[PDB]
file start.pdb (PDB, C-alpha atoms)
ATOM      1  CA  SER A   1     209.275  11.680  32.100  1.00  0.00           C
ATOM      2  CA  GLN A   2     211.588  10.783  29.204  1.00  0.00           C
ATOM      3  CA  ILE A   3     208.845   8.790  27.477  1.00  0.00           C
ATOM      4  CA  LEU A   4     206.243  11.532  28.066  1.00  0.00           C
ATOM      5  CA  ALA A   5     208.078  14.375  26.315  1.00  0.00           C
ATOM      6  CA  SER A   6     205.650  14.847  23.425  1.00  0.00           C
ATOM      7  CA  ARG A   7     202.533  14.885  25.629  1.00  0.00           C
ATOM      8  CA  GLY A   8     203.352  18.312  27.040  1.00  0.00           C
ATOM      9  CA  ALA A   9     203.889  19.709  23.553  1.00  0.00           C
ATOM     10  CA  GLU A  10     200.567  18.242  22.416  1.00  0.00           C
ATOM     11  CA  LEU A  11     198.732  19.756  25.389  1.00  0.00           C
ATOM     12  CA  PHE A  12     200.292  23.200  24.966  1.00  0.00           C
ATOM     13  CA  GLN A  13     199.590  23.212  21.227  1.00  0.00           C
ATOM     14  CA  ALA A  14     195.987  22.155  21.846  1.00  0.00           C
ATOM     15  CA  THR A  15     195.523  25.010  24.317  1.00  0.00           C
ATOM     16  CA  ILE A  16     197.033  27.462  21.824  1.00  0.00           C
ATOM     17  CA  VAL A  17     194.844  26.347  18.921  1.00  0.00           C
ATOM     18  CA  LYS A  18     191.739  26.442  21.122  1.00  0.00           C
ATOM     19  CA  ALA A  19     192.569  30.019  22.115  1.00  0.00           C
ATOM     20  CA  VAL A  20     193.110  30.938  18.457  1.00  0.00           C
ATOM     21  CA  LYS A  21     189.803  29.344  17.422  1.00  0.00           C
ATOM     22  CA  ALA A  22     187.919  31.280  20.095  1.00  0.00           C
ATOM     23  CA  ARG A  23     189.760  34.439  19.013  1.00  0.00           C
ATOM     24  CA  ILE A  24     188.789  34.117  15.354  1.00  0.00           C
ATOM     25  CA  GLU A  25     185.201  33.299  16.362  1.00  0.00           C
ATOM     26  CA  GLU A  26     184.938  36.436  18.503  1.00  0.00           C
ATOM     27  CA  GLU A  27     186.581  38.546  15.790  1.00  0.00           C
ATOM     28  CA  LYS A  28     184.193  37.302  13.100  1.00  0.00           C
ATOM     29  CA  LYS A  29     181.175  37.928  15.334  1.00  0.00           C
ATOM     30  CA  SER A  30     182.313  41.460  16.194  1.00  0.00           C
ATOM     31  CA  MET A  31     183.047  42.282  12.550  1.00  0.00           C
ATOM     32  CA  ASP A  32     179.605  41.068  11.474  1.00  0.00           C
ATOM     33  CA  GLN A  33     177.939  43.083  14.243  1.00  0.00           C
ATOM     34  CA  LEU A  34     179.799  46.263  13.282  1.00  0.00           C
ATOM     35  CA  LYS A  35     178.987  45.713   9.605  1.00  0.00           C
ATOM     36  CA  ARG A  36     175.289  45.325  10.432  1.00  0.00           C
ATOM     37  CA  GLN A  37     175.455  48.536  12.476  1.00  0.00           C
ATOM     38  CA  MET A  38     177.026  50.337   9.516  1.00  0.00           C
ATOM     39  CA  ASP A  39     174.301  49.045   7.191  1.00  0.00           C
ATOM     40  CA  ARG A  40     171.632  50.303   9.586  1.00  0.00           C
ATOM     41  CA  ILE A  41     173.289  53.733   9.636  1.00  0.00           C
ATOM     42  CA  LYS A  42     173.407  53.750   5.828  1.00  0.00           C
ATOM     43  CA  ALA A  43     169.731  52.793   5.615  1.00  0.00           C
ATOM     44  CA  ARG A  44     168.737  55.550   8.040  1.00  0.00           C
ATOM     45  CA  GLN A  45     170.726  58.117   6.052  1.00  0.00           C
ATOM     46  CA  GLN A  46     169.143  56.981   2.781  1.00  0.00           C
ATOM     47  CA  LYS A  47     165.703  57.171   4.395  1.00  0.00           C
ATOM     48  CA  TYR A  48     166.447  60.742   5.483  1.00  0.00           C
ATOM     49  CA  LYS A  49     167.575  61.613   1.953  1.00  0.00           C
ATOM     50  CA  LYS A  50     164.379  60.154   0.491  1.00  0.00           C
ATOM     51  CA  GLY A  51     162.317  62.058   3.048  1.00  0.00           C
ATOM     52  CA  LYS A  52     164.034  65.199   1.789  1.00  0.00           C
ATOM     53  CA  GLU A  53     162.811  64.263  -1.709  1.00  0.00           C
ATOM     54  CA  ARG A  54     159.207  65.074  -0.661  1.00  0.00           C
ATOM     55  CA  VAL A  55     179.135  68.700  -4.275  1.00  0.00           C
TER      56      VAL A  55
END
call {"tool": "encode", "arguments": {"input": "start.pdb", "output": "structure tokens"}}
result
Amino acid sequence: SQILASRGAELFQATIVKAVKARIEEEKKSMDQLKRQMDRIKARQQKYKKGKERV
């Protein structure tokens, strides 16, 4: 157990960095999805404005 001190630190750090990688992946995906939703809303509003076109 004296020789194997660093192995536990390596394992814990690997778990932490894997969790952080999954977190940033999920965050990026959610941000892109929300941004696409916002663009669709903008496009629908612009289409309505152009359909109005016959402060």
call {"tool": "atom_distance", "arguments": {"input": "start.pdb", "atom1": "atom CA of residue 43 of chain A", "atom2": "atom CA of residue 28 of chain A"}}
result
22.5 Å
call {"tool": "atom_distance", "arguments": {"input": "start.pdb", "atom1": "atom CA of residue 9 of chain A", "atom2": "atom CA of residue 21 of chain A"}}
result
18.1 Å
call {"tool": "axis_aligned_box", "arguments": {"input": "start.pdb", "around": "segment 4-19 of chain A", "padding_each_side": "5 Å", "output": "JSON"}}
result
{"center_x": 199.9, "center_y": 20.8, "center_z": 23.5, "size_x": 26.3, "size_y": 28.5, "size_z": 19.1}
call {"tool": "atom_distance", "arguments": {"input": "start.pdb", "atom1": "atom CA of residue 24 of chain A", "atom2": "atom CA of residue 11 of chain A"}}
result
20.1 Å
call {"tool": "decode", "arguments": {"input": "start.pdb", "residues": "segment 13-43 of chain A", "atoms": "N, CA and C atoms", "output": "PDB file, in the first residue's frame"}}
result
ATOM      1  N   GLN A  13      -8.324  11.150 -10.358  1.00  0.00           N
ATOM      2  CA  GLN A  13      -8.195  12.236 -11.320  1.00  0.00           C
ATOM      3  C   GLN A  13      -8.767  11.839 -12.673  1.00  0.00           C
ATOM      4  N   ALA A  14      -8.572  10.580 -13.076  1.00  0.00           N
ATOM      5  CA  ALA A  14      -9.142  10.117 -14.336  1.00  0.00           C
ATOM      6  C   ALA A  14     -10.664  10.158 -14.296  1.00  0.00           C
ATOM      7  N   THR A  15     -11.255   9.704 -13.189  1.00  0.00           N
ATOM      8  CA  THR A  15     -12.706   9.786 -13.045  1.00  0.00           C
ATOM      9  C   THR A  15     -13.183  11.231 -13.137  1.00  0.00           C
ATOM     10  N   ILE A  16     -12.473  12.141 -12.467  1.00  0.00           N
ATOM     11  CA  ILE A  16     -12.881  13.545 -12.456  1.00  0.00           C
ATOM     12  C   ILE A  16     -12.825  14.134 -13.862  1.00  0.00           C
ATOM     13  N   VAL A  17     -11.732  13.880 -14.585  1.00  0.00           N
ATOM     14  CA  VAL A  17     -11.597  14.466 -15.916  1.00  0.00           C
ATOM     15  C   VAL A  17     -12.588  13.840 -16.889  1.00  0.00           C
ATOM     16  N   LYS A  18     -12.929  12.560 -16.701  1.00  0.00           N
ATOM     17  CA  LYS A  18     -13.962  11.966 -17.545  1.00  0.00           C
ATOM     18  C   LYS A  18     -15.311  12.624 -17.295  1.00  0.00           C
ATOM     19  N   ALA A  19     -15.646  12.855 -16.023  1.00  0.00           N
ATOM     20  CA  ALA A  19     -16.886  13.549 -15.697  1.00  0.00           C
ATOM     21  C   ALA A  19     -16.908  14.945 -16.309  1.00  0.00           C
ATOM     22  N   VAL A  20     -15.782  15.659 -16.235  1.00  0.00           N
ATOM     23  CA  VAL A  20     -15.728  17.014 -16.777  1.00  0.00           C
ATOM     24  C   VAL A  20     -15.858  17.003 -18.297  1.00  0.00           C
ATOM     25  N   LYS A  21     -15.250  16.021 -18.964  1.00  0.00           N
ATOM     26  CA  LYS A  21     -15.379  15.919 -20.414  1.00  0.00           C
ATOM     27  C   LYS A  21     -16.827  15.670 -20.815  1.00  0.00           C
ATOM     28  N   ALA A  22     -17.488  14.722 -20.143  1.00  0.00           N
ATOM     29  CA  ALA A  22     -18.900  14.491 -20.426  1.00  0.00           C
ATOM     30  C   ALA A  22     -19.736  15.734 -20.150  1.00  0.00           C
ATOM     31  N   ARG A  23     -19.395  16.478 -19.095  1.00  0.00           N
ATOM     32  CA  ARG A  23     -20.134  17.689 -18.756  1.00  0.00           C
ATOM     33  C   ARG A  23     -20.018  18.731 -19.860  1.00  0.00           C
ATOM     34  N   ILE A  24     -18.795  18.983 -20.333  1.00  0.00           N
ATOM     35  CA  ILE A  24     -18.626  19.996 -21.372  1.00  0.00           C
ATOM     36  C   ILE A  24     -19.271  19.538 -22.675  1.00  0.00           C
ATOM     37  N   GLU A  25     -19.248  18.232 -22.961  1.00  0.00           N
ATOM     38  CA  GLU A  25     -19.931  17.727 -24.148  1.00  0.00           C
ATOM     39  C   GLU A  25     -21.430  17.999 -24.075  1.00  0.00           C
ATOM     40  N   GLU A  26     -22.052  17.635 -22.952  1.00  0.00           N
ATOM     41  CA  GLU A  26     -23.484  17.869 -22.787  1.00  0.00           C
ATOM     42  C   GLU A  26     -23.814  19.354 -22.862  1.00  0.00           C
ATOM     43  N   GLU A  27     -22.980  20.195 -22.245  1.00  0.00           N
ATOM     44  CA  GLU A  27     -23.235  21.632 -22.249  1.00  0.00           C
ATOM     45  C   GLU A  27     -23.169  22.195 -23.662  1.00  0.00           C
ATOM     46  N   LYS A  28     -22.145  21.800 -24.425  1.00  0.00           N
ATOM     47  CA  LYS A  28     -22.029  22.259 -25.805  1.00  0.00           C
ATOM     48  C   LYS A  28     -23.227  21.816 -26.635  1.00  0.00           C
ATOM     49  N   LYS A  29     -23.645  20.556 -26.482  1.00  0.00           N
ATOM     50  CA  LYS A  29     -24.791  20.071 -27.245  1.00  0.00           C
ATOM     51  C   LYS A  29     -26.055  20.851 -26.901  1.00  0.00           C
ATOM     52  N   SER A  30     -26.295  21.086 -25.608  1.00  0.00           N
ATOM     53  CA  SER A  30     -27.491  21.815 -25.202  1.00  0.00           C
ATOM     54  C   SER A  30     -27.460  23.253 -25.703  1.00  0.00           C
ATOM     55  N   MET A  31     -26.293  23.899 -25.638  1.00  0.00           N
ATOM     56  CA  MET A  31     -26.182  25.269 -26.127  1.00  0.00           C
ATOM     57  C   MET A  31     -26.457  25.341 -27.622  1.00  0.00           C
ATOM     58  N   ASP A  32     -25.914  24.393 -28.391  1.00  0.00           N
ATOM     59  CA  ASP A  32     -26.171  24.389 -29.828  1.00  0.00           C
ATOM     60  C   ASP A  32     -27.647  24.155 -30.125  1.00  0.00           C
ATOM     61  N   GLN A  33     -28.287  23.251 -29.381  1.00  0.00           N
ATOM     62  CA  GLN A  33     -29.707  22.995 -29.592  1.00  0.00           C
ATOM     63  C   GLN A  33     -30.538  24.241 -29.305  1.00  0.00           C
ATOM     64  N   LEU A  34     -30.260  24.911 -28.184  1.00  0.00           N
ATOM     65  CA  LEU A  34     -31.004  26.121 -27.847  1.00  0.00           C
ATOM     66  C   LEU A  34     -30.766  27.218 -28.877  1.00  0.00           C
ATOM     67  N   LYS A  35     -29.533  27.336 -29.373  1.00  0.00           N
ATOM     68  CA  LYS A  35     -29.243  28.352 -30.375  1.00  0.00           C
ATOM     69  C   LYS A  35     -29.995  28.071 -31.669  1.00  0.00           C
ATOM     70  N   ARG A  36     -30.067  26.800 -32.072  1.00  0.00           N
ATOM     71  CA  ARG A  36     -30.851  26.442 -33.251  1.00  0.00           C
ATOM     72  C   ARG A  36     -32.328  26.758 -33.047  1.00  0.00           C
ATOM     73  N   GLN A  37     -32.849  26.488 -31.849  1.00  0.00           N
ATOM     74  CA  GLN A  37     -34.238  26.823 -31.551  1.00  0.00           C
ATOM     75  C   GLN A  37     -34.474  28.324 -31.681  1.00  0.00           C
ATOM     76  N   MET A  38     -33.543  29.121 -31.155  1.00  0.00           N
ATOM     77  CA  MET A  38     -33.664  30.572 -31.250  1.00  0.00           C
ATOM     78  C   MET A  38     -33.627  31.036 -32.701  1.00  0.00           C
ATOM     79  N   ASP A  39     -32.756  30.435 -33.519  1.00  0.00           N
ATOM     80  CA  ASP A  39     -32.726  30.797 -34.934  1.00  0.00           C
ATOM     81  C   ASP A  39     -34.039  30.451 -35.619  1.00  0.00           C
ATOM     82  N   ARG A  40     -34.633  29.308 -35.274  1.00  0.00           N
ATOM     83  CA  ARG A  40     -35.914  28.957 -35.879  1.00  0.00           C
ATOM     84  C   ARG A  40     -36.990  29.961 -35.492  1.00  0.00           C
ATOM     85  N   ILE A  41     -36.990  30.394 -34.228  1.00  0.00           N
ATOM     86  CA  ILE A  41     -37.950  31.404 -33.788  1.00  0.00           C
ATOM     87  C   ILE A  41     -37.747  32.702 -34.562  1.00  0.00           C
ATOM     88  N   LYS A  42     -36.487  33.119 -34.718  1.00  0.00           N
ATOM     89  CA  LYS A  42     -36.189  34.334 -35.471  1.00  0.00           C
ATOM     90  C   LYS A  42     -36.674  34.224 -36.909  1.00  0.00           C
ATOM     91  N   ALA A  43     -36.447  33.070 -37.538  1.00  0.00           N
ATOM     92  CA  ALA A  43     -36.869  32.884 -38.921  1.00  0.00           C
ATOM     93  C   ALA A  43     -38.385  32.934 -39.042  1.00  0.00           C
TER      94      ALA A  43
END
